[PDB]
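Data first, discussion second: the structure below is written as structure tokens.
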Ligand SMILES: CCC[C@H](N)C(=O)O
Ligand SMILES: CCC[C@H](N)C(=O)O
Ligand SMILES: CCC[C@H](N)C(=O)O
């Protein structure tokens, strides 16, 4: 209902209804702007401090361009802070940003940094991507889906891959929408029960289904939208030179799609990586790989517009 | 007449009338904005993806500032793509840009990259400078000239220098305007007959004159505007340690200006380089070195406004 | 009264009345924008060329965001010029900038560069920070003060620290406002009498007081606002490994505050540096460390708006 000033570190602390709103706004903006083509200065007179711990181009591009499109001014900062060298405690740095940008999209290596960064700033902080989550992404993913099926009502998502931030986010959000989760990670990377125990709790209070395993073609069974993501995040070399060959046996391909439902569709946050998917799937007109990618922009805008304005979506809320 | 959505990779595939229009628009914008001083949000709500294979500051500055002046948002990308490292085929990268920026000004090392980049994107791509051409530059050059002589009607341009992208562009365009070309390159760097054969063809269907040689003071004979450009593009070291001493005997100076016509004027895309010109010429009030430089901005704007808007030039078309 | 087009290299050549105006405008903008919350496109259609000899993040952030907030377009340039490599004489470079940005905020290592850069450009040049001054900073400092005491009328400032650009600027300006200076630098770093001789002259024609010494707790005596700043600017290593231990005996702390007046307050341009101040002072609610920092933005805007517009401050001038 009201999101202005509410920083976004992860969907966990977010009522489905809230997330839904965002998506709505996203959809409002994408249409009102991309479809109807009008100019929306919602963000005129506002500045976004984008902190990038690691070169994350794509995200920026989208963000930058997005924040700008609404007439805002995206300010790009790399390691001028506690990312690379930094001589001051970010517990101060926040102050500055609190005075300069009126919102911060940060992409850091540790959630840890985020909460502090947030709790130490009179400015809403946005999880541009942490080691534990990636809200704004699934945010788009969902939007994308909703657009394709025109309802997230009760579709069952299918996760094939290692247990990273993404999957997590899904968990912290799939159920809120009323969607079914079907996770599948190698007996080595189950996601810290800390969260899963949570997802199962969300699923209970929503009536959604949830279950996970180590066998893919069992998570991508009745899957409406099967989702995957590289397991080789480049975390090491020894931890894949033979470690991620114990991770072998996943490489989502049509062999999977087959077991998948009929409505079946495919998601992935990019980039490519022939390791966990063949062109067969990835390029199948059933994969919303690119539209997913696109939406990142519309979502992030809405997100901002969400926390920086009193706006209010023109256009009837979509059916979720 | 209509240019919206038409990407610009080189004047080759461009009716003179079309180029003229651009110039016109340029002149419209420069006046309506720089002379009358009004603000023109033509580019409000639009974003430009500027890809720079190599640090090309000047060009950017102009572009950036230009695209911005019209209320657009220039997005600056370096090697986050298939310029330096890149893990994905640009045949996809284009997709992203097609979704993010609604136009791309790229400055690459190979035309090759450009066409593909263009043919693989629902977005107009602009030759920010390739190894084979440099449209937007001569574009300004021309504008500059037109301004100085108030007509390109039938002046004869004089080329003294190696046969690079620039000269090429001129070729692919001088005649369209009805101007005479007088090229002069060392018996080592004649421009691949592939293009010249073309220029001679354009000259035939326009009635313009065209001829080239290896003797400068013979190309800069009746020359109205003599144009030159560094031969030392920094392509090598061995290919100039003695190779470009076989290129000796050009260094355009007043000795040239003398043989030049009376209306005579001087062009050069910068930067300095005492190798192919003395301050005598370069700084002569007859050299439009700087105004040339300036125009880059007005032209590029028009170019954008050309492909991104339905605008329509207020102010009577200039006499070309 | 009129400042448009007047470049700002240092408060020296600036009537107090002029500086005051700026501050006023600053205060006008901060209020009209930050307090009343309206959007002010004063800088729409204008571009700022920001040259940074050395990575100066903070300053930029503020500037960038500021110039943008007023609807201007900040253009960020690093060493694409005579900062690092540069192949052309800046005496030309200026020309370009004169054609691209319609104003330049430069942060260089030598004043020297600035005057030339300025005298060679039909564009106002702004001292983003030189080795000799730092106008825009004290500019904020003053603003900050004025806000806290609601008058600079006749307070006595207290300088404890080495004799750098900052102190200088204060000197070149404190008296113009009618404030008392009380400098204190180690018997090794008195500021070149060249300037001090000047400050004493300004103090004479204003009736303000001025005196300096090498004993801190003697400059921060009746001090209303005591100001300090790191002595370790990182100029060397040998020049501090034992050289700035001969600089020992300053480290402004409450022991100082005590001798300070009652109205007493504390200033510092950041960053931290436990060498010349303990958290005791620095974090005392009597320190305007952060507000100082913030103001940098409002001031710089006003500065720009000052030299780029005919604006005119809505809201009664503050009492100085
Ligand atoms: C309207 C923006 C206000 C914000 N505190 C700023 O930094 O300017
Ligand atoms: C009006 C801009 C639309 C463009 N497809 C975009 O990336 O937003
Ligand atoms: C209104 C801006 C004019 C400036 N000479 C420019 O570079 O465009």
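In this analysis, Cβ positions are derived from the backbone assuming ideal geometry, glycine residues included, and neighbour counts consider all displayed protein chains. Basis: the model, the stated rules and, where named, an outside source; no laboratory read-out is quoted.
Here residue C:220 does not qualify as farther than 17 Å from residue C:162 by Cβ and surrounded by 23 or more Cβ atoms within 10 Å (Cβ to Cβ).
Selection within the range B:72-112: residues that are assigned to a strand (DSSP E or B) and facing chain A (nearest Cβ under 10 Å). The member of this set that is farthest from ligand 2 (Cβ to nearest atom) is B:76.
Determine if the range A:279-298 includes at least one residue that is away from ligand 3 (no atom under 16 Å from the Cβ), surrounded by fewer than 14 Cβ atoms within 10 Å (Cβ to Cβ) and under 23 Å from residue A:174 (Cα atoms). Checked against the condition, which is being away from ligand 3 (no atom under 16 Å from the Cβ), surrounded by fewer than 14 Cβ atoms within 10 Å (Cβ to Cβ) and under 23 Å from residue A:174 (Cα atoms), the range A:279-298 yields no hits at all.
Residues in the range B:31-69 that are away from ligand 3 (no atom under 12 Å from the Cβ), within 10 Å of chain C (Cβ to nearest Cβ) and more than 30 Å from residue B:86 (Cα to Cα): B:41 alone.
Take residue B:66 and tell me if it is closer than 21 Å to residue A:297 by Cα, touching a helix residue (DSSP H, G or I) at 6+ places or on another chain (Cβ under 6 Å), in contact (Cβ under 8 Å) with a residue 40 or more places away in the chain and more than 16 Å from ligand 1 (Cβ to nearest atom). For residue B:66, the condition - closer than 21 Å to residue A:297 by Cα, touching a helix residue (DSSP H, G or I) at 6+ places or on another chain (Cβ under 6 Å), in contact (Cβ under 8 Å) with a residue 40 or more places away in the chain and more than 16 Å from ligand 1 (Cβ to nearest atom) - is not met. Picking from residues in the range B:9-50 that are within 16 Å of ligand 2 (Cβ to nearest atom) and surrounded by 16 or more Cβ atoms within 10 Å (Cβ to Cβ), the one that is nearest to residue B:106 (Cα to Cα) is B:50. Among the candidates A:129, A:42, A:70, the residue that is within 30 Å of residue B:101 (Cβ to Cβ), under 18 Å from the mean Cα position of the chain (by Cα) and in the same structural domain as residue A:6 (by CATH) is uniquely A:129.
Here the range A:284-297 is the region considered, the condition is being farther than 17 Å from residue A:138 by Cβ and in contact with a helix residue (DSSP H, G or I) (Cβ under 8 Å, 6 or more places away or on another chain), and the residue that is nearest to the other protein chains (Cβ to nearest Cβ) is A:284.
Looking at residue C:320, is it in a loop (DSSP other than H, G, I, E, B), over 19 Å from residue C:161 (Cα atoms) and under 23 Å from the mean Cα position of the chain (by Cα)? Criteria met by residue C:320. For the range B:115-135, the set of residues classified as touching a residue at least 60 places away in the same chain (Cβ under 8 Å), assigned to a helix (DSSP H, G or I) and crowded, with 24+ Cβ neighbours inside 10 Å consists of B:135 only.
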